[PDB]
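Note sheet for the following structure.
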Amino acid sequence: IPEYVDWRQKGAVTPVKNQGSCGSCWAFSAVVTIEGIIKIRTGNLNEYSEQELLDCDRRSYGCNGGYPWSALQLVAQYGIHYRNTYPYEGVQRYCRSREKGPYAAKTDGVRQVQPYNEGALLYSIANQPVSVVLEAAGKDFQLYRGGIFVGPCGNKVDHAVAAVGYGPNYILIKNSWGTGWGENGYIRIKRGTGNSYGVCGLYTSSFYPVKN
Ligand SMILES: *[C@@H](C(=O)O)[C@H](O)C(=O)N[C@@H](CC(C)C)C(=O)NCCC(C)C
């Protein structure tokens with residue numbers, strides 16, 4: 001795999017979003033990976049619906065958190081609408097998939113990256129954007145304004161984000177706290193520090209859609 005991977009350069013990443021005060025990061029994270037894999041496999045870059053996963057993923061808890069795995073599993077089971085057809089409201093509402101017409105995209109499953117393994121994460125990212133979790137509760141992370149982020153931060157993962165690239169000393173993360181945070185909405189987190197958890201537990205739980 002290359003030394004640098006940036007899915008934004010390859011046209012596989014939609015504008016950065018802001019999840020607002022709703023703990024829908026899991027769905028935002030899941031949606032980045034879906035948009036990515038559809039671009040890679042179809043050539044088309046579309047925005048897909050976070051709101052639809054928020055409303056319809058019944059393993060998750062809407063605005064009270066949830067699981068990027070289960071959201072990815074839903075899109076492999078049912079599919080996902082375009083964001084335009086099922087726009088984000090920042091509140092969980094009743095599930096409207098059926099009422100919005102045929103799904104706009106569908107994947108063929110969900111694979112987990114072997115956890116606590118930097119290489120395996122990097123091999124996934126080299127193939128497509130990946131959903132990852134990390135510890136975001138620290139002020140250093142909340143107050144991040146640029147540069148390769150090295151912490152301080154523990155490994156108590158509580159936030160779902162999407163890894164859309166990497167380089168020799170970092171993994172490139174797309175956050176869902178709007179453009180006004182980090183590096184135009186992104187963070188570069190240090191890698192290759194020998195911590196099996198990864199900086200901010202970045203190697204805790206990583207998933208990605210499968211599309212044939
Ligand atoms: C994340 C956010 O920053 O909006 C949101 O709070 C969330 O879904 N967090 C989850 C992280 C795991 C996927 C690692 C989470 O805590 N999920 C568990 C669901 C309940 C909160 C128990």
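To be explicit about the labels: the chains of the structure tokens are called A, B, and onward in the order shown, and within each one the residues are counted from 1, while ligands get numbers from 1 in the order they are shown.
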List as a PyMOL selection string the protein and nucleic acid residues near residue A:16, meaning an atom at most 10 Å away when only C-alpha atoms are counted, but skip any in the same chain fewer than 2 places from it.
chain A and resi 13-14+18-19+28+32+174-180+184-186
I'd like the contact shell of residue A:142 - 12 Å cut-off, only C-alpha atoms, skipping same-chain residues fewer than 2 positions apart - returned as a short mmCIF file (atom, residue, chain, number, x, y, z; two decimals) with C-alpha atoms, in the first residue's frame.
```
data_model
loop_
_atom_site.label_atom_id
_atom_site.label_comp_id
_atom_site.auth_asym_id
_atom_site.auth_seq_id
_atom_site.Cartn_x
_atom_site.Cartn_y
_atom_site.Cartn_z
CA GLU A 135 -11.64 9.17 22.33
CA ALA A 136 -12.99 12.65 21.67
CA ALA A 137 -13.93 13.76 25.20
CA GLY A 138 -10.60 15.42 25.99
CA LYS A 139 -10.28 19.17 25.60
CA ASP A 140 -7.14 18.71 23.49
CA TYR A 144 -7.81 20.71 18.04
CA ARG A 145 -7.03 23.32 15.44
CA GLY A 146 -4.51 21.65 13.14
CA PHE A 149 -2.71 15.22 16.65
CA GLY A 151 -3.06 13.73 22.24
CA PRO A 152 -3.15 13.86 25.15
CA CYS A 153 -6.08 11.49 25.07
CA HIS A 159 -16.90 9.12 19.10
CA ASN A 175 -15.04 14.54 11.63
CA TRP A 177 -18.37 18.81 13.69
CA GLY A 180 -15.11 25.25 11.49
CA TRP A 181 -13.30 22.56 13.49
CA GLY A 182 -9.90 21.03 13.03
CA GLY A 185 -13.35 19.62 9.50
CA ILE A 187 -8.02 15.80 11.94
#
```
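Residues surrounding residue A:60 within 8 Å are residues 54, 65, 66, 67, 70 and 71 of chain A [only C-alpha atoms; sequence separation below 4 positions excluded].
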Give me a file of those residues, with C-alpha atoms, as a CSV table (one decimal), in the first residue's frame.
```
chain,number,residue,atom,x,y,z
A,54,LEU,CA,-30.4,7.7,12.7
A,65,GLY,CA,-25.5,7.1,20.3
A,66,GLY,CA,-25.2,4.0,18.2
A,67,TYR,CA,-23.0,1.7,16.3
A,70,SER,CA,-25.1,-1.7,12.8
A,71,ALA,CA,-25.7,1.3,10.5
```
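Residues of protein, DNA or RNA having any atom at most 7 Å from ligand 1, counting only C-alpha atoms and all ligand atoms, are residues 22, 23, 24, 25, 26, 60, 61, 64, 65, 66, 67, 68, 133, 157, 158, 159, 160 and 205 of chain A.
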Include N, CA and C atoms and write out the residues we just selected as a JSON list (two decimals), in the first residue's frame.
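In the end it all went to again_19.json:
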```
[["chain", "number", "residue", "atom", "x", "y", "z"],
["A", 22, "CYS", "N", -26.78, 16.34, 18.37],
["A", 22, "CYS", "CA", -27.37, 15.02, 18.36],
["A", 22, "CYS", "C", -26.25, 13.99, 18.27],
["A", 23, "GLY", "N", -26.31, 12.92, 19.06],
["A", 23, "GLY", "CA", -25.16, 12.04, 19.04],
["A", 23, "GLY", "C", -25.35, 11.00, 17.94],
["A", 24, "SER", "N", -25.29, 11.54, 16.73],
["A", 24, "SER", "CA", -25.45, 10.81, 15.48],
["A", 24, "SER", "C", -24.12, 10.54, 14.78],
["A", 25, "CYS", "N", -23.00, 10.74, 15.47],
["A", 25, "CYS", "CA", -21.70, 10.51, 14.86],
["A", 25, "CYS", "C", -21.62, 9.13, 14.22],
["A", 26, "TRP", "N", -22.14, 8.11, 14.89],
["A", 26, "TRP", "CA", -22.11, 6.76, 14.33],
["A", 26, "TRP", "C", -22.68, 6.73, 12.92],
["A", 60, "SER", "N", -29.26, 0.89, 17.17],
["A", 60, "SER", "CA", -28.72, 2.12, 17.71],
["A", 60, "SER", "C", -29.79, 2.88, 18.47],
["A", 61, "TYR", "N", -29.41, 4.02, 19.02],
["A", 61, "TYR", "CA", -30.26, 4.78, 19.93],
["A", 61, "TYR", "C", -30.51, 6.21, 19.45],
["A", 64, "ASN", "N", -28.90, 9.27, 20.94],
["A", 64, "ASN", "CA", -28.25, 8.89, 22.18],
["A", 64, "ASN", "C", -27.10, 7.94, 21.88],
["A", 65, "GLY", "N", -26.59, 7.98, 20.65],
["A", 65, "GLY", "CA", -25.48, 7.15, 20.28],
["A", 65, "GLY", "C", -25.93, 5.91, 19.53],
["A", 66, "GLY", "N", -24.93, 5.16, 19.08],
["A", 66, "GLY", "CA", -25.20, 4.02, 18.22],
["A", 66, "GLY", "C", -23.91, 3.47, 17.65],
["A", 67, "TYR", "N", -24.08, 2.53, 16.73],
["A", 67, "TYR", "CA", -22.95, 1.73, 16.30],
["A", 67, "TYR", "C", -22.71, 1.80, 14.80],
["A", 68, "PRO", "N", -21.51, 2.18, 14.37],
["A", 68, "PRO", "CA", -21.26, 2.26, 12.93],
["A", 68, "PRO", "C", -21.42, 0.90, 12.28],
["A", 133, "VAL", "N", -13.58, 4.59, 15.54],
["A", 133, "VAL", "CA", -13.99, 5.24, 16.77],
["A", 133, "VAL", "C", -12.72, 5.73, 17.45],
["A", 157, "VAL", "N", -12.82, 5.14, 23.81],
["A", 157, "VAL", "CA", -13.52, 5.57, 22.60],
["A", 157, "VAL", "C", -14.98, 5.87, 22.90],
["A", 158, "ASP", "N", -15.43, 7.01, 22.40],
["A", 158, "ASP", "CA", -16.78, 7.50, 22.57],
["A", 158, "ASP", "C", -17.27, 8.27, 21.34],
["A", 159, "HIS", "N", -16.52, 8.31, 20.25],
["A", 159, "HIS", "CA", -16.90, 9.12, 19.10],
["A", 159, "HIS", "C", -16.59, 8.36, 17.84],
["A", 160, "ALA", "N", -17.51, 8.39, 16.88],
["A", 160, "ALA", "CA", -17.34, 7.68, 15.63],
["A", 160, "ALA", "C", -17.04, 8.68, 14.54],
["A", 205, "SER", "N", -12.30, -0.07, 17.14],
["A", 205, "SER", "CA", -13.41, -0.72, 16.45],
["A", 205, "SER", "C", -13.56, -0.08, 15.09]]
```
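Counting only C-alpha atoms, the residue from A:108, A:99, A:183, A:55 that sits nearest to residue A:79 is A:108.
Atom CA of residue A:4 is found 28.2 Å from atom CA of residue A:50.
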May I have the residues within 12 Å of residue A:78 as an MDAnalysis selection string, using only C-alpha atoms and disregarding those fewer than 6 positions away in the same chain?
chainID A and resid 52:53 56:57 70:72 97:98 102:109
Closest to residue A:62 among A:120, A:210, A:161, A:91, using only C-alpha atoms?
A:91
Which of stretch 33-208 of chain A end up as alpha helix (DSSP H) when DSSP is run on this backbone - answer as a compact mmCIF listing (two decimals) with N, CA and C atoms, in the first residue's frame?
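As a result, result.txt now contains:
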```
# COMPACT_ATOMS: atom_id res chain seq x y z
N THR A 33 -18.36 6.19 4.87
CA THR A 33 -17.86 4.95 4.29
C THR A 33 -18.75 4.46 3.15
N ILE A 34 -20.05 4.71 3.24
CA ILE A 34 -20.96 4.32 2.17
C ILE A 34 -20.74 5.19 0.93
N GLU A 35 -20.73 6.51 1.10
CA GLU A 35 -20.42 7.42 0.00
C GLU A 35 -19.10 7.06 -0.67
N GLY A 36 -18.10 6.73 0.15
CA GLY A 36 -16.81 6.31 -0.37
C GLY A 36 -16.88 5.07 -1.24
N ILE A 37 -17.51 4.01 -0.73
CA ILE A 37 -17.51 2.75 -1.47
C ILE A 37 -18.37 2.87 -2.72
N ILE A 38 -19.43 3.69 -2.70
CA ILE A 38 -20.21 3.85 -3.92
C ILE A 38 -19.37 4.57 -4.98
N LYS A 39 -18.62 5.61 -4.58
CA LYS A 39 -17.76 6.31 -5.55
C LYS A 39 -16.74 5.34 -6.14
N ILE A 40 -16.04 4.61 -5.28
CA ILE A 40 -14.99 3.69 -5.72
C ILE A 40 -15.55 2.68 -6.72
N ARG A 41 -16.69 2.07 -6.39
CA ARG A 41 -17.28 1.04 -7.24
C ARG A 41 -18.10 1.57 -8.43
N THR A 42 -18.71 2.76 -8.35
CA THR A 42 -19.59 3.23 -9.43
C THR A 42 -18.99 4.37 -10.24
N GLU A 50 -27.64 10.47 6.55
CA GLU A 50 -27.37 10.15 7.95
C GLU A 50 -28.68 10.04 8.68
N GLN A 51 -29.65 10.86 8.28
CA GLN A 51 -30.89 10.89 9.03
C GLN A 51 -31.56 9.53 8.94
N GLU A 52 -31.46 8.90 7.77
CA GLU A 52 -32.07 7.61 7.55
C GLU A 52 -31.50 6.55 8.46
N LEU A 53 -30.18 6.58 8.72
CA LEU A 53 -29.62 5.61 9.64
C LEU A 53 -30.03 5.93 11.06
N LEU A 54 -29.96 7.21 11.42
CA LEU A 54 -30.44 7.70 12.71
C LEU A 54 -31.86 7.24 12.99
N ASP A 55 -32.76 7.39 12.00
CA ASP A 55 -34.17 7.02 12.21
C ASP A 55 -34.37 5.51 12.23
N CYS A 56 -33.70 4.79 11.33
CA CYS A 56 -34.04 3.40 10.96
C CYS A 56 -33.13 2.33 11.54
N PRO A 68 -21.51 2.18 14.37
CA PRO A 68 -21.26 2.26 12.93
C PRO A 68 -21.42 0.90 12.28
N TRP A 69 -21.15 -0.18 13.02
CA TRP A 69 -21.36 -1.52 12.48
C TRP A 69 -22.81 -1.71 12.09
N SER A 70 -23.72 -1.47 13.03
CA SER A 70 -25.14 -1.73 12.77
C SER A 70 -25.67 -0.85 11.64
N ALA A 71 -25.26 0.42 11.59
CA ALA A 71 -25.67 1.30 10.49
C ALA A 71 -25.17 0.78 9.15
N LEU A 72 -23.95 0.24 9.13
CA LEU A 72 -23.41 -0.27 7.88
C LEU A 72 -24.18 -1.51 7.49
N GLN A 73 -24.55 -2.28 8.51
CA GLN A 73 -25.28 -3.52 8.32
C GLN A 73 -26.66 -3.21 7.72
N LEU A 74 -27.27 -2.10 8.16
CA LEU A 74 -28.58 -1.69 7.64
C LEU A 74 -28.51 -1.36 6.16
N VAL A 75 -27.45 -0.67 5.73
CA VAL A 75 -27.35 -0.30 4.33
C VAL A 75 -27.07 -1.53 3.46
N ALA A 76 -26.38 -2.54 4.01
CA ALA A 76 -26.23 -3.80 3.31
C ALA A 76 -27.52 -4.62 3.29
N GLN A 77 -28.37 -4.43 4.28
CA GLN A 77 -29.62 -5.18 4.35
C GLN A 77 -30.70 -4.51 3.51
N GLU A 118 -2.47 -1.60 13.67
CA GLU A 118 -2.37 -0.40 12.85
C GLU A 118 -2.34 -0.74 11.37
N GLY A 119 -1.48 -1.69 10.99
CA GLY A 119 -1.38 -2.13 9.62
C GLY A 119 -2.70 -2.50 8.99
N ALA A 120 -3.49 -3.34 9.67
CA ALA A 120 -4.77 -3.77 9.12
C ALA A 120 -5.72 -2.59 8.89
N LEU A 121 -5.71 -1.61 9.79
CA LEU A 121 -6.48 -0.40 9.55
C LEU A 121 -5.98 0.28 8.28
N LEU A 122 -4.65 0.42 8.16
CA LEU A 122 -4.07 1.12 7.03
C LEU A 122 -4.37 0.37 5.74
N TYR A 123 -4.42 -0.96 5.80
CA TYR A 123 -4.74 -1.69 4.59
C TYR A 123 -6.18 -1.48 4.16
N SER A 124 -7.11 -1.40 5.11
CA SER A 124 -8.48 -1.06 4.76
C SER A 124 -8.56 0.33 4.12
N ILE A 125 -8.06 1.36 4.83
CA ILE A 125 -8.07 2.73 4.30
C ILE A 125 -7.49 2.79 2.89
N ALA A 126 -6.44 2.02 2.63
CA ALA A 126 -5.87 2.02 1.28
C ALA A 126 -6.88 1.59 0.23
N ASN A 127 -7.92 0.88 0.65
CA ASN A 127 -8.94 0.29 -0.20
C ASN A 127 -10.20 1.13 -0.23
N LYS A 139 -10.30 17.81 26.14
CA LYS A 139 -10.28 19.17 25.60
C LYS A 139 -9.29 19.29 24.46
N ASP A 140 -8.15 18.59 24.54
CA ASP A 140 -7.14 18.71 23.49
C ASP A 140 -7.74 18.35 22.14
N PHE A 141 -8.50 17.26 22.09
CA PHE A 141 -9.21 16.86 20.87
C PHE A 141 -10.33 17.82 20.47
N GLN A 142 -11.16 18.23 21.42
CA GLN A 142 -12.21 19.22 21.17
C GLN A 142 -11.66 20.55 20.66
```
Can you list, as a ChimeraX atom specification, every residue of stretch 83-139 of chain A that DSSP puts in strand (DSSP E or B)?
/A:105,109-112,130-134
Find the residues near residue A:150: any atom within 10 Å, counting only C-alpha atoms, skip ones fewer than 3 places away on the same chain, and give them as a VMD selection string.
chain A and resid 140 to 141 147 153 170 188 to 191 193 198 to 200
